[PDB]
Amino acid sequence: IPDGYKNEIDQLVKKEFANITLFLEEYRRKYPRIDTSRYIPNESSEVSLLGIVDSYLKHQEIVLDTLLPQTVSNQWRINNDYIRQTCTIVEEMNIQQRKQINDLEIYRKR
Amino acid sequence: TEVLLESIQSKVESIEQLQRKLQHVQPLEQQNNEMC
C-alpha cells in the first residue's frame, strides 16, 4: 500500500527513534559594497573639473573606439555556434546515464 | 564642459546609432541566452 503499510512501518521506525572569506561571508548578510556613483552625473556649474575630463571625455573617446561593429554580428554568431557544440555534449551524457540506469534496473527485475 | 557637450552629443548620437543598429544582437542575444 502506497498509503497504509508505509504509514504503518514509518510509525514503527519512529518508535525506535523515540527510544534512541571574511569580507565575502560578511557581505552575504545581504549588502553589496557601493561603487563609484560619480562619473554619470557631474555638473557644469558644480565643483570639480577633473570629473569633466578626469571622468567623461577620455572614457567617451575610449567608448566610441570600443563601441563597435567592424566585425559586427560575425563575432557573435561564431560564439553562438560554439554554444551548440557545448549543449549537445551534455544531452549525449544524459542518454548514456539513462541507458546504464535502466540497464541496472533491468538486471534487478529478473 | 561645452567641448564635452559637443562630444556627448556627437559621440552619444553615434553610440545610440551603433547600439540600435547592433541591438545587443537582441535576436542573437535571445538565441544565445535561450541556449545558455
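Residues numbered from 1 in each chain as written, not as in the entry; some residues may be left out. Chains lettered and ligands numbered in written order. Part of a larger assembly, values for the part shown. Heavy atoms only, no water. Residues with missing side-chain atoms left out of burial classes, pairs and counts.

Per the deposited record, cryo-EM is how this structure was determined, to a resolution of 3.7 Å.

Engineer: Quick one: what's the story with the overall build of chain B, residue by residue and with numbers?
Structural biologist: Helix and strand counts for chain B come out as two helices and zero strands. For the C-alpha atoms alone, the extent of chain B along its principal axes is close to 45 × 15 × 5 Å. (Helix = DSSP H or I, 4+ residues; strand = E, 2+ residues; numbered from the N terminus.)

Engineer: Before we move on, can you summarise the overall build of chain A with the specific residues and values?
Structural biologist: Within chain A, the secondary structure is distributed over four helices and zero strands. Going from N to C terminus, chain A has its helices and strands arranged as α-α-α-α. The C-alpha atoms of chain A give 31 Å as radius of gyration, which overshoots the globular expectation for 110 residues (13 Å, by more than 25%). Expressed as lengths along the three principal axes of its C-alpha atoms, the size of chain A is roughly 80 × 45 × 25 Å. (Rg over C-alpha atoms; globule rule 2.2 N^0.38 Å.)

Engineer: Could you give an account of unusual backbone geometry, with specific residues and numbers?
Structural biologist: Its identity is not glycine, yet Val-72 of chain A carries a phi of approximately 75°, on the positive side. Relative to the helices and strands, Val-72 of chain A is located in the loop between α3 (50–66) and α4 (74–109). With a phi angle near 60°, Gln-23 of chain B is a residue other than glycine that sits in the positive phi range.

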